Every structure is written in structure tokens, then in C-alpha cells.
Chemist: 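Here's a structure for you.
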Amino acid sequence: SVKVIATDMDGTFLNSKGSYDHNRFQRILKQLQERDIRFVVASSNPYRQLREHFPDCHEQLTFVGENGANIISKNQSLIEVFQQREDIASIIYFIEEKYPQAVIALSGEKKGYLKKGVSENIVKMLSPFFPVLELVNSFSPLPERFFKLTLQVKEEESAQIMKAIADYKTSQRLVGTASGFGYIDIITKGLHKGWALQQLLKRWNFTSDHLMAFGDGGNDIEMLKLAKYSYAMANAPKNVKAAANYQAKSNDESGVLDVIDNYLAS
Ligand SMILES: [Mg+2]
């Protein structure tokens, strides 16, 4: 009895080439709509970057970006929660002083920011997760309103740095969540994809019993635990599989659309 379908993007809905079966999807979408089944894109990426994947139908979908702080539906802003400048400045000072190896990117309403001096190769890596990317000589004072920050770090120091963040004075406001191999999103504490879906379920008057959800990452775990019909991609790591009730094929075998066509076929 599925009424909302929510999917992660990178590593899940998207294949390893960063694309998906457009035709198969649009035909599925027509089906979902005529059944009043809601479709939710739930990603750490900014909304502006998520809509580009759905050029011809984005206005018919709901988007959860920034892991949760920004929600758009029907091409309209439903929720936008910004971090406090004082908190941002403070966690930045802490990371610069304590973990100089982490590359810091700020994710703003309209663009992203890196510090000048970051290597071209990093700039080239990140520039994909941002509409526009501006380089500044300092973060103090700050530039725009910001949904989240992103740290690029060695995957092996990831846990340590996340714990350092959780133990810092900004603790009640800011928390890290693994948003990919070698990445930590510093989000407003509690504003994760599970929270986002709860807000949408509560607003559409459904329960988690009607939720089907797909993920492959740490930042998908609250969402997966929430959804009764929770799917870890075949390519997800053990801990993310632990949070799911069902396993899908890999993102390179259209694992998401496969499950959806299966449900519909039911
Ligand atoms: Mg992912």
C-alpha cells in the first residue's frame, strides 16, 4: 500500500555514469501520477542541482535537498531552514584550526563557496555538487544564506572528524552525516532525510507504512529506518543494508525503477 516513493540520487536512482533510464522513468511517473502516488527526490545535493535531472517534469515532483533543510514541491518552496551565521563561523574556525586537511565548502541558496588556494583538482571535483562555485580569500566574515556545509576528507578520518564535530560547542545546532565516500555534510542537527520524509508524510496525512524509500548511503539511514518499504541498493555498504528491510538490484541495473515497476505490476 505505497503512497509515497522516495529515492536517494547519487549511487541509487542514478547509475555510475550519473544518469538514468529517462524513458522508463517518465512512463513510470505517468503511472504513479494516475494512481496518486507521490514521488520524492531525497538527496544531499542542492535543489538547483537536483531539478536539472528532471528537465521536463521537475515541476511535478517533490524535492528534498541538503539532506533535508530545503524542501520544494510542485516547483514551490515548502521548507527552507538556514544555519546560523554564528554557528557556521564557529564550526569553520574549529575545522580550520583542528582539521586543516579538510576542504570546506559552503552550500548557499544560490551558489557554493570554496577558499582560494584549494587545488584545481578539488575544485573540479566539487563543482558538480553546486550550480555555481565561487572562490573567496577568507570565510571571515561570511559571504548568502547557507543550508549546509561540506567537508572533503579522507574516508578513513571521516568518523573521527564527525565525532569531533558532535563533541564541539555547536553540538545542538550542527552535526555531520556521511554523504559519500570522502565526504561529510554538516547539517542542521535533526534535519536529515528521515525528518524530511516525516514532514511530508505528516503534511500529506500518511504514515511510514505507506512509505517506500531507496538509499545507498549513511545519510540515507534515518530515511530507510523510517520507511516500512525500505530498500538498500545491492551496491550499498553493510551498515546501510542493515537499516533496510529489502534489497534492490544495483544502481547500475536500474534497481529503483525495477522495484517500482514490480510494485506497479502488483
Ligand atoms: Mg548516495
Side-chain angles (χ1 to χ4, degrees), residues 2 4-16 18-29 32 39-46 49-50 52-54 61 63-68 125-129 148 150-153 155-159 161-162 176-185 187 192-194 196-197 208 211-224 226-266:
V2 176
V4 11
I5 299 179
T7 188
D8 179 33
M9 287 293 287
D10 300 312
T12 304
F13 186 83
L14 299 177
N15 65 27
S16 279
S19 187
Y20 67 95
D21 195 324
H22 285 81
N23 292 318
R24 181 177 188 187
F25 172 72
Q26 286 180 307
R27 198 268 300 140
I28 289 183
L29 218 215
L32 298 177
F39 189 88
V40 178
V41 174
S43 175
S44 72
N45 305 334
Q49 181 272 22
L50 294 163
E52 285 182 326
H53 291 284
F54 305 97
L61 318 169
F63 287 91
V64 176
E66 317 289 346
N67 299 296
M125 273 181 232
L126 266 128
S127 60
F129 322 165
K148 81 171 184 296
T150 298
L151 303 191
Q152 191 201 54
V153 302
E155 182 55 7
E156 62 257 11
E157 284 168 347
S158 177
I161 292 166
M162 281 195 280
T177 184
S179 60
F181 190 85
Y183 293 98
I184 294 161
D185 282 350
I187 46 157
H192 46 65
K193 299 182 194 184
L197 267 306
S208 61
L211 182 58
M212 169 188 283
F214 302 85
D216 81 325
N219 59 339
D220 295 317
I221 288 169
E222 302 85 356
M223 172 171 77
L224 258 9
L226 170 76
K228 175 183 197 169
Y229 309 101
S230 43
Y231 287 85
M233 307 303 295
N235 49 286
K238 312 316 279 287
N239 58 120
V240 175
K241 290 181 176 188
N245 291 158
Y246 305 85
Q247 179 165 186
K249 270 85 107 328
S250 76
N251 65 137
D252 282 331
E253 310 185 34
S254 283
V256 168
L257 301 183
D258 170 51
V259 169
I260 301 171
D261 265 342
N262 192 227
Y263 171 78
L264 288 175
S266 115

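The basis for the numbers below is simple: all heavy atoms, side chains too, and nothing from hydrogens, waters or symmetry mates. Position 1 is the first residue of the sequence; numbering continues from there.
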Chemist: Ignoring hydrogens, what is the shortest heavy-atom contact between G215 and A236? Give both atom names and the distance.
Modeler: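 Of all heavy-atom pairs spanning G215 and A236, the closest is O-CB, 4.4 Å.
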
Chemist: Are side-chain heavy atoms of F13 and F214 found at a separation under 4.5 Å?
Modeler: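 With C-beta onward as the side chain, the pair stays apart.
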
Chemist: Roughly how far, to the nearest 0.5 Å, is the CG atom of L211 from the CD1 atom of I5?
Modeler: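 Here the interatomic distance stands at 9.5 Å.
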
Chemist: Heavy atoms, side chains only, cut-off 4.5 Å: are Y231 and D8 in contact?
Modeler: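 No; the side chains remain at least 4.5 Å from each other.
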
Chemist: Fit a plane to each ring of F25 and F54, take the angle between them on a 0 to 90° scale, and name the class: parallel (under 30°), tilted (30 to 60°) or perpendicular (over 60°).
Modeler: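 Plane angle between 30° and 60°, so tilted.
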
Chemist: Taking atom types as modelled, is there a side-chain donor on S16 or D252 under 3.5 Å from an acceptor on the other?
Modeler: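 Side chains of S16 and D252: pair found under 3.5 Å.
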
Chemist: With rounding to the nearest 0.5 Å, note down the distance linking CG in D21 to CG in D258.
Modeler: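 CG of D258 is found 11.5 Å from CG of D21.
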
Chemist: Is a donor on one side and an acceptor on the other found under 3.5 Å between the side chain of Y183 and the backbone of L151?
Modeler: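 Looks like no, no N/O pair under 3.5 Å.
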
Chemist: Do any N or O atoms from the side chain of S230 and from the backbone of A227 form a donor-acceptor pair under 3.5 angstrom?
Modeler: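 Checking the backbone N and O of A227 against the side chain of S230, a donor-acceptor pair under 3.5 Å is found.
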
Chemist: Has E155 got a side-chain atom pairing as donor or acceptor with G182's backbone, closer than 3.5 angstrom?
Modeler: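 Looks like yes, one N/O pair under 3.5 Å.
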
Chemist: Run the numbers on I187 and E66 for side-chain contact (heavy atoms from CB on, under 4.5 Å), then give the verdict.
Modeler: CA-CA 8 Å; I187 46 157; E66 317 289 346; 5.9 Å; no

Chemist: Just so I know, are the side chains of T12 and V256 near enough to count as touching, which here means a heavy-atom distance under 4.5 Å?
Modeler: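 When only atoms from C-beta onward are counted, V256 and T12 do touch, with a gap below 4.5 Å.
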
Chemist: Determine the minimum heavy-atom distance between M9 and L50, stating which atoms define it.
Modeler: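 Heavy atoms of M9 and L50 come nearest at CG-CD2, 3.7 Å.
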
Chemist: Do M125 and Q152 make a side-chain contact, defined as non-hydrogen atoms from C-beta onward lying under 4.5 Å apart?
Modeler: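 Touching, per the 4.5 Å side-chain cut-off.
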
Chemist: Quick check against the 3.5 Å criterion: does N239 have a side-chain atom that pairs as donor or acceptor with the backbone of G218?
Modeler: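 Checked: no pair found.
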
Chemist: Using a strict cut-off of less than 4.0 Å between a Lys/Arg side-chain nitrogen and an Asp/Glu carboxylate oxygen, indicate whether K241 and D216 qualify as a salt bridge.
Modeler: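 No salt bridge links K241 with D216.
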
Chemist: Can you tell me how far apart CD1 (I184) and CD (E157) are? Round to the nearest 0.5 Å.
Modeler: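 Separation between the atoms: 9.5 Å.
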
Chemist: Does a side-chain heavy-atom distance below 4.5 Å link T7 with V40?
Modeler: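 Not in contact.
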
Chemist: Within this structure, what is the CZ-NE2 distance for the pair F63 and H53, rounded to the nearest 0.5 Å?
Modeler: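 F63 atom CZ to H53 atom NE2 measures 9.0 Å (nearest 0.5 Å).
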
Chemist: What's the verdict on side-chain contact (heavy atoms from CB on, under 4.5 Å) for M223 and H192, showing C-alpha distance, side-chain angles and the deciding distance?
Modeler: CA-CA 8 Å; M223 172 171 77; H192 46 65; over 6 Å; no

Chemist: With distance as the sole test, does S254 use its side chain to make a donor-acceptor pair with the main-chain N or O of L257 at under 3.5 Å?
Modeler: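 Absent.
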
Chemist: Working to the nearest 0.5 angstrom, can you tell me the gap between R24 CZ and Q26 CD?
Modeler: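 The CD atom of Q26 is 14.0 Å from CZ of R24, to the nearest 0.5 Å.
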
Chemist: For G255 versus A248, what's the shortest heavy-atom pair and its separation?
Modeler: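 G255 and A248 have their closest heavy atoms at O-CB, 3.9 Å.
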
Chemist: Hey, could you give me the CG/OH distance between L32 and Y263, rounded to the nearest 0.5 Å?
Modeler: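 Taking CG in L32 and OH in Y263, the distance rounds to 9.5 Å.
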
Chemist: Indicate whether any N or O donor in one side chain lies under 3.5 Å from an N or O acceptor in the other, for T150 and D185.
Modeler: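 Note: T150 and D185 side chains meet the donor-acceptor criterion.
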
Chemist: Walk me through it: do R27 and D261 pass the test side-chain contact (heavy atoms from CB on, under 4.5 Å)?
Modeler: CA-CA 10 Å; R27 198 268 300 140; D261 265 342; 2.7 Å; yes

Chemist: When you compare the side chains of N15 and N251, does any donor N or O come within less than 3.5 Å of an acceptor on the partner?
Modeler: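 The criterion, which ignores hydrogens and geometry beyond distance, is not satisfied for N251 and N15.
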
Chemist: Whether the side chain of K148 engages the backbone of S44 through a donor-acceptor N/O pair (distance < 3.5 Å, no angle test) should be reported.
Modeler: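 Between the backbone of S44 and the side chain of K148 there is a qualifying donor-acceptor contact (under 3.5 Å).
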
Chemist: Of the non-hydrogen atoms in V64 and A196, which two are nearest, and what is the gap between them?
Modeler: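 Nearest pair, atom of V64 first, then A196: CG1-CB, 3.4 Å.
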
Chemist: Applying side-chain contact (heavy atoms from CB on, under 4.5 Å), run through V259 and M212 and close with a yes or a no.
Modeler: CA-CA 10 Å; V259 169; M212 169 188 283; 4.1 Å; yes

